[PDB]
Each structure stands twice: as C-alpha cells, then as structure tokens.
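Count residues from 1 along the sequence.
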Amino acid sequence: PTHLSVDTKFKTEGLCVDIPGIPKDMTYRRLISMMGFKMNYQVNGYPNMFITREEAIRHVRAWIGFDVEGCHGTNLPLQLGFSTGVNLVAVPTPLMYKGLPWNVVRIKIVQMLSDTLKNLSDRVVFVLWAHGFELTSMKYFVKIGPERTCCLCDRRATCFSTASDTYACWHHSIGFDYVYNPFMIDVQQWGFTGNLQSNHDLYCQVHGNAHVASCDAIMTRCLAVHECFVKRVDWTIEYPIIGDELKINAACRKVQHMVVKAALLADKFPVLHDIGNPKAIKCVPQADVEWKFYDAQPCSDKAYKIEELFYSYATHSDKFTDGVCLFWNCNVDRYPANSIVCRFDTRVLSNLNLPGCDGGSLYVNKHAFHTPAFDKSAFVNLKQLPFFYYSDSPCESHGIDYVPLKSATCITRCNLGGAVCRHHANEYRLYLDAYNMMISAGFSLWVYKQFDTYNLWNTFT
Ligand SMILES: Cc1ccc(NC(=O)c2cccc(F)c2)cc1O
Ligand SMILES: [Zn+2]
Ligand SMILES: [Zn+2]
Ligand SMILES: [Zn+2]
C-alpha cells in the first residue's frame, strides 16, 4: 500500500465536458493509455504517473497547480495556467503570454518548473481539478520511462532534452525541452460536490477568479493544501532537509532562553503562563518563577481567540493578569499586555515557507505547519522586542581571531566595566547571528511595553 495501483478506478464525470462519451468505468491504466503514455509493464521506480493523497502529502514541496482552458483539442488554442501565476497560450499551428507552438512552450515549462522547484524538491506533482484538456495536453511537454539520474549530478532526473538525448535534475536542465517522469493528482477524485470555485471559496477569500487558467491552478493547489494541512493535520510526517532548518531551530531555542531569562531578571514576575505546544519544556529551567503550562495544538486554520483559551466551562480560569504570558508560536487574535510572543510572519519569502490557504502559509521545517495569516493588530497591546545580548556568565576565554567589540546591546559585567571581554564578544556575535537567522526565517518577537533592558545592568552589582 505504498504506490497507487494503475488498476484503481478513476471517476470520469469531471472529464465528460471536454471528453464527451468517456466511459464511466475507467482505470488509471486506461486513462494513462488515453493520455498517450505507454508504461510497457515496467517496474523501474515509476509504476504510476498518478499518486495517493498520502504520497502527495509527503511531496507537498513539489506541488504545482495546473489548469488548461480551451481558449476558443488539436483543433484550437489552449491556455496553460500554473500556480506560479504563469499563463502560456499554445497554438497547434497574473503573467499572460501570446500564442506560440508547443516546441517553444515546452522549453518555457522546463525553465519555469526548474527555477521554481530546484531548491524545493526532487520532483514535480501537478495538482489538477481535471476536466480533460490538461490531461490530453501532457503528451506535448512530458516524456516517461524508467527512473534516471542527472547527467551532471546524482539527483533523480526531472527533465529530458531531445537535442542532446540526455537527462537532468532541476539544477542542471538549462535548455532542456521535456518534463521527465512528472507526478500528478486529480483533486476531483477526493469526493467533492460542486465546482472548484464554490469549494475553494468556502475556505479562502484571498485568491480571486479572474477566469484565467492560473487562477484555477492557484485555487486547485489552495483547496488541496486546505484539505491536507488545515482540515486534516499529520505532524508525524517528516520532510527532508533542504536549507537552514537546523541552524534556524537552534537559533529559536537560543533566542527563547535569552528573552525569557532577561524578562524574568528585569521584571521578577512571580508566575509564568506558558501557552502552546503540550510537549513544551521550561525554556529557562533555573529561573525562580512558578511555571504553569497550558495545552494548545498549533492552530492550522484561524488564530485562537484569547477568550476561548481562557474559557473554563464550569470552573474558574487561572488569572493571566498575574505575572507574564509566553506565547511561543501560539497564534491568537489579540495577545494580552503582559505577554512575550514569538509569531511566524506568513508573508516571508523562503524555501521553507510555501503559499497557503486564505492568506496563511505552509511552513515546512522537519514537519509541515499551516499557519494563519500574519495580522499586525494581534500585537496592539505589545511592542517589537529590541535586539540585545545578556550574559551573567564569567569573563573567561578557554581554547576565532578578533576585532574588539563595542556595542550598547552587549549586556555583560565587562561592558558595564568599560571593555567587552573576548569570551562575551564571541558569544555576542554568535547570538546576533542566530537572532538574524531566526528573523530572516520569518519569526517576529513582541513583548510587554514595560520591557526595558536598562533593568538588566543591576543584576551585576
Ligand atoms: C494564560 C492563560 C491561559 C489559559 C488559561 N485557561 C485556564 O485557566 C483554563 C482552565 C480550565 C479549563 C480551560 F480550558 C482553561 C488561563 C490563563 O491565564
Ligand atoms: Zn543534476
Ligand atoms: Zn485560496
Ligand atoms: Zn565578559
């Protein structure tokens, strides 16, 4: 039960307007045959062009929505739209390109997928709401065969060139003309009522429907992300390393210990309310405070209402007003004034952050986390946390060449005393680097307005 049997049934109702007379009884095997591909009973890593929901979900980084509209069937021109916002017109003879033959259109398809996917995935998954023309158009830009490797590296082959008769991955495909061994999934097999627009629009107000093909392609991927990562969530599925995942996760642990340690030293809160991941550990384990945990899973859909987190049914809610609240990636509509907050900025551009549903983003770093749209109004009671480095650690080298550090934000005994020691300068530069890493990954840090780093200097006396 790993791969999708070619002898599985494919519901054909969706296809019968572009393909009138299509049999109600249809297998992937006969559909793939109809699309013009020969699978020559082959056991070489590519048993099916089509894949399971489960397989699509392991490969969410490879998803490209794809839609074709009959512009006025070998007879007529076709509008090719992709979730990248690109529209190509192919003649048989927002970005919108004039009519060209398949032999140039196919080169543009390879360039576009390569530049989109080379830092994301080892493959492409075309996400369809299939009506027929997208499926019969694939023969014009796709070739299949046994799994292969790039002619320049060890990565699996995703492209093919007729000019050179060679195979490339997404990194090495410049001037290649065919997509090689693509995958695909028809969202219309998932058992929806009514059309794409009506299903999409239930969940998402951000993607309009200008009635161009890219609009449908974007909506199709959006609906699919909603179904696989918002309504349903599976946090067991791991995802490969493709960038700075480890450095970023380490940075977030370092910034969290630093900021909460400094807050406790500066304002000496008697109680900390730690709201969010039910597996969360004390980020400052030596600190004096009453540490009280509150369980909330990552909200995939809408930010939590603070009122709902405090709603206690027939018992009294704990008083939040006492001490400080820590929301470390726990996304609520409006934070209380006495909060420390880490909140992921869905708008950030990175290889980890994929476009999501209704203005949210799918952040994929070991696990996949759909995050509700970033909203500045959530922080009305807070201010941005300023950068600072704090250490009570002794001034002591042990065992990196030097320019001496001067900074107002290096809060150590040595800087109090007039000259930063080498140990604290090394630690300061490492911590500035981790902080910059975390910010540029898309985390934003907010704090109660009374927070003042001036209060930290008298913890050395
Ligand atoms: C900061 C903070 C977060 C959460 C709560 N919530 C409760 O105390 C509570 C008690 C019983 C059932 C329940 F669902 C919630 C209070 C807080 O002060
Ligand atoms: Zn390669
Ligand atoms: Zn949408
Ligand atoms: Zn020092």
Side-chain angles (χ1 to χ4, degrees), residues 203 225-226 228-238 248-249 252-253 255-257 259-260 263-264 269 271-285 287 289-346 348 352-353 356-382 385 438 441-448:
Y203 306 131
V225 171
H226 180 266
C228 301
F229 298 97
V230 178
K231 88 169 263 187
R232 176 257 296 288
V233 178
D234 195 331
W235 292 304
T236 74
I237 299 144
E238 220 96 22
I248 287 160
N249 296 343
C252 291
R253 279 181 301 259
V255 176
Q256 181 193 40
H257 169 84
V259 168
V260 174
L264 296 172
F269 294 113
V271 48
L272 183 144
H273 310 271
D274 201 342
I275 303 118
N277 190 259
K279 322 298 279 180
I281 273 279
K282 283 200 207 188
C283 56
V284 190
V289 71
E290 195 173 7
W291 212 293
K292 294 200 189 199
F293 290 102
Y294 302 82
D295 295 357
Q297 292 293 359
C299 67
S300 76
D301 189 358
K302 286 294 98 219
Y304 287 116
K305 303 156 193 153
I306 197 55
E307 328 306 340
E308 211 156 58
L309 292 175
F310 300 154
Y311 183 76
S312 43
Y313 285 90
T315 200
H316 72 80
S317 95
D318 291 355
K319 14 66 182 320
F320 80 84
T321 81
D322 288 343
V324 69
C325 298
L326 177 70
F327 300 87
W328 201 267
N329 295 313
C330 174
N331 308 311
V332 325
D333 59 353
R334 179 144 301 170
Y335 297 100
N338 64 328
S339 300
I340 302 166
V341 179
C342 181
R343 164 44 138 132
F344 183 79
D345 186 351
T346 53
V348 71
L352 295 195
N353 199 37
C357 186
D358 192 36
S361 84
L362 191 62
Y363 174 68
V364 188
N365 181 326
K366 288 172 32 75
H367 300 287
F369 302 98
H370 193 275
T371 309
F374 180 88
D375 178 7
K376 300 190 167 160
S377 67
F379 311 111
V380 287
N381 302 321
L382 303 180
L385 173 74
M438 174 193 263
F443 294 99
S444 67
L445 289 165
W446 309 81
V447 75
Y448 56 99

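The main-chain N or O of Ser317 is found under 3.5 Å from a side-chain atom of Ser312 such that the two form a donor-acceptor pair. Between the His273 side chain and the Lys319 main chain, a donor and an acceptor come within less than 3.5 Å of each other. A donor-acceptor pair is defined here as one N or O able to donate and one able to accept, closer than 3.5 Å; no such pair exists between the side chain of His370 and the backbone of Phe229. For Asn338 (side chain) and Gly323 (main-chain N/O), a donor-acceptor pair under 3.5 Å exists by modelled atom type. A donor-acceptor pair is defined here as one N or O able to donate and one able to accept, closer than 3.5 Å; such a pair exists between the side chain of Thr346 and the backbone of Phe374.
Between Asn249 atom CG and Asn365 atom CG the span is 4.0 Å, to the nearest 0.5 Å. With rounding to the nearest 0.5 Å, the separation of NZ in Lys305 from CZ in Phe310 is 14.5 Å. In this structure, CG in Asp301 is found 5.0 Å from NE2 in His226, a value given to the nearest 0.5 Å. Taking CG of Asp333 as the start and CD of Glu308 as the end, the distance is 9.0 Å to the nearest 0.5 Å. The structure places CG of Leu309 at 11.5 Å from CZ of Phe320, a figure rounded to the nearest 0.5 Å. To the nearest 0.5 Å, atom CG of residue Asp274 and atom NZ of residue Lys292 are 13.0 Å apart.
Evaluation of the side-chain contact (heavy atoms from CB on, under 4.5 Å) rule for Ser339 yields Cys325, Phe327, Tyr335, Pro336, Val341, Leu382 as partners, not counting sequence neighbours. Not counting sequence neighbours, the partners of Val348 by the side-chain contact (heavy atoms from CB on, under 4.5 Å) test are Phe344, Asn353.
In this structure the side chain of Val271 never reaches within 4.5 angstrom of the side chain of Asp318, judged on heavy atoms. A heavy-atom distance below 4.5 Å is not found between the side chains of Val259 and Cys342. For the pair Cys330 and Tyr294, the minimum side-chain heavy-atom distance is 4.5 Å or more.
Of all the heavy atoms in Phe379 and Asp375, the pair that sits closest is CE1-O, 3.5 Å. Residue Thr236 comes nearest to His367 through the heavy atom pair O-CE1, 4.1 Å, listed as atom of the first residue, atom of the second, then distance. The minimum heavy-atom distance between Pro278 and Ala296, with the atom names listed, is CD-O, 3.8 Å. Annotation for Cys299 and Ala303: closest pair SG-CA, 3.8 Å, computed over non-hydrogen atoms.
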Donor-acceptor contacts under 3.5 Å from residues 441-448 side chains, at least two apart:
{"unit_1": "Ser444", "atom_1": "OG", "unit_2": "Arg343", "atom_2": "O", "d": "2.7"}
{"unit_1": "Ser444", "atom_1": "OG", "unit_2": "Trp446", "atom_2": "NE1", "d": "2.9"}
{"unit_1": "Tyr448", "atom_1": "OH", "unit_2": "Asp267", "atom_2": "OD2", "d": "2.6"}

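Relative orientation of the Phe293 and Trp291 rings is tilted, given thresholds of 30° and 60° on the angle between their planes.
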Test log, rule side chain to side chain contact (heavy atoms under 4.5 Å, CB included), inputs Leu352 and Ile248: CA-CA 11 Å; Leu352 295 195; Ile248 287 160; 3.9 Å; yes
